[PDB]
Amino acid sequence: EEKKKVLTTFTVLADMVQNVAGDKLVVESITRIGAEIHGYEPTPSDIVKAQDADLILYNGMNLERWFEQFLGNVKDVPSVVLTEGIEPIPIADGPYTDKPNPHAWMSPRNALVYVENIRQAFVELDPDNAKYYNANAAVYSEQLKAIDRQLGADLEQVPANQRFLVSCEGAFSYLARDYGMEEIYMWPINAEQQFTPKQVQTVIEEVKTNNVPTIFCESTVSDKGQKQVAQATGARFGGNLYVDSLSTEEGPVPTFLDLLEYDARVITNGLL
């Protein structure tokens, strides 16, 4: 017979689920690498091969604003939210200023429930392959638990009164909170965007108020804003941090687990 078709909204999710599924399900990701996901716009093609899938996973917390309408044209397909159970961090200011922060995957302690929700989602869809999925989930959690200790151990070194993480959509609030870092971001969440210069302004000062050596951006949004801060208090522009999407198998962050390790050192060795 044939293998079931699973479909995740974006790549970070796609890779997370690929570790739980092993060779048993064919897992594809809706969006296509380094694409803004917070507000992607689906094409008939994505809605037509979606209708031809056995299940659609998604993050929730309104990460994908475009999804409710997309799922809207798939009747033909159930869909599980991978955040089921996590206590969210509310946002800071602006528009959806008290709605959940969707970037909960950035906390390994939260990545654990994420795989749990993936597992439960499969165990049912393809019960015949319960064992595996379970074997694969155990292993993967074991790995998330591992990488989790390596991060606490990476960020501890930089002194507490220098633990400042500065970015664009500061979608790391979670990683922030896990290892006790203070957060400095130009905007709270992605959107129509185009950042005001009052924002890029607060950044110009908070980094002088706080003498932060390295600032970074991300592979989905624009570097134009931060670079300024790369031009205000000699701050060093680190490369890109990774959250709303991985990089290909070449280049860094080709797997979620790598995103985590990676983001961490360049932070760690950007504050040192």
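Residue indices: 1-based, along the sequence shown.
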Look over 118-126 and 145-153 in the entry and identify the one with the greater average Cα temperature factor. 145-153
Between 229-237 and 23-31 (mean CA B-factor, as deposited), the higher: 229-237
Taking the values straight from the PDB record, which of 80, 92, 111, 139 has the highest C-alpha temperature factor? 92
When the CA B-factors of 74, 135, 158, 104 are compared as recorded in the entry, which is the largest? 158
Compare the C-alpha B factor of residue 85 with those of the other modelled residues in its chain, then answer lowest, middle or highest third. lowest
Could you say whether, by C-alpha temperature factor, residue 52 belongs to the lowest, middle or highest third of its chain? middle
Residue 222's Cα B-factor: lowest, middle or highest third of the chain? highest
Quick check on the deposited entry: does the C-alpha B-factor of residue 62 sit in the lowest, middle or highest third of its chain? middle
Among the chain's modelled residues, which third holds the C-alpha B-factor of residue 245? lowest
